[PDB]
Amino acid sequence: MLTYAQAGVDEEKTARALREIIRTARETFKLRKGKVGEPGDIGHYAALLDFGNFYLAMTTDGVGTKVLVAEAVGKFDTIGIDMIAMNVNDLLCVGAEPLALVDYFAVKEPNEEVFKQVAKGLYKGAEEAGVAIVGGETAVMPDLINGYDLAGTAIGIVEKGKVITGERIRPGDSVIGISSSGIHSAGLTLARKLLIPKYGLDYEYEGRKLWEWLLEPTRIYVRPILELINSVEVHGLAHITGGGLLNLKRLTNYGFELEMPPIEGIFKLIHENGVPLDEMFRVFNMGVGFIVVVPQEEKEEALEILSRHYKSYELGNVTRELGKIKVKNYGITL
């Protein structure tokens, strides 16, 4: 087909349905007014709860339908990495250090093989993120779940005065992208429906099977970002998840002028199957898993720090074209 909506995930409809839940949530903030745990507003990558000298950051994230690929090939060995990565990467975007995670595992059956595989990736992700897995919930629910749905909730800590929300972003700031490991965990419904029936899961593309491209575990950005924020002045941090580059608009009203990396790997296969390029930058990470915004004079030091850990790119600059994201080398405006 063409779009994420036609694949079954209508982001516009989802936002419409969610307005009532978000309004209700905001009404509950007053229940902790002036007390420990008093929250900030909803809409950012994590909630910030006032504990006096510090904020606790709290976020919740699932893997999505990536688990349907894992099931077909009997490899849940890295789905736990995906779940941990999505949660801890979101914590970083308020400037918090990730501490602990609980997982929610909703399954059609208590399959011992699936669970042993899930456990392997949970450890690898936890070790790379520096977090303890401290508890969880397992729900065997075959009438409600057609596979093995893995989600979780993570908490982190950020000192008062060191929160990074994006309000410090100014025009002229440099925009830097850290490469993704691949598709990560966003847009799998479109990728699965577009490619699997046409090509088959065993289709071989640049020496890897389609399932390998679809299952590649999400990259964890904790070490480079925690190093970065303790060395250079950071104005904004954005984990590229659902919404793609639109996630930058959660940080600032200022505009962005970007040059994005070449379209490669699975993203090229998807593009060559008719998804419009503007939709692609709103759905897939397109090679950039994480974006940082720093003062222009810190650009080279930031790149030196990030490049120790992962391939990183100077993407562009913040502008006064309020509310616009110009992908200059593709002629796209979001």
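Quick note: we count residues from 1 along the sequence shown, nothing fancier.
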> Where do the C-alpha atoms have the higher mean temperature factor in this entry, in 242-250 or in 95-103?
Replying inline: 242-250
> Taking only the CA atoms, which stretch has the higher mean B-factor in the record, 212-220 or 145-153?
Replying inline: 145-153
> What's the residue among 281, 267, 290, 29 with the greatest CA temperature factor in the PDB record?
Replying inline: 29
>> Just to confirm, going by the entry's C-alpha B-factors, which of 138, 87, 179, 165 comes out highest?
In response: 165
>> Sorting by Cα B-factor within the chain, modelled residues only, which third would residue 24 end up in: lowest, middle or highest?
In response: highest
> Ranked by Cα temperature factor within the chain, is residue 317 in the lowest third, the middle third or the highest third?
Replying inline: middle
> Which third, lowest, middle or highest, does the CA B-factor of residue 108 fall in along this chain?
Replying inline: highest
> Lowest, middle or highest third: where is residue 35 by C-alpha B factor in its chain?
Replying inline: highest
> What third of its chain's C-alpha B-factors does residue 44 belong to: lowest, middle or highest?
Replying inline: highest
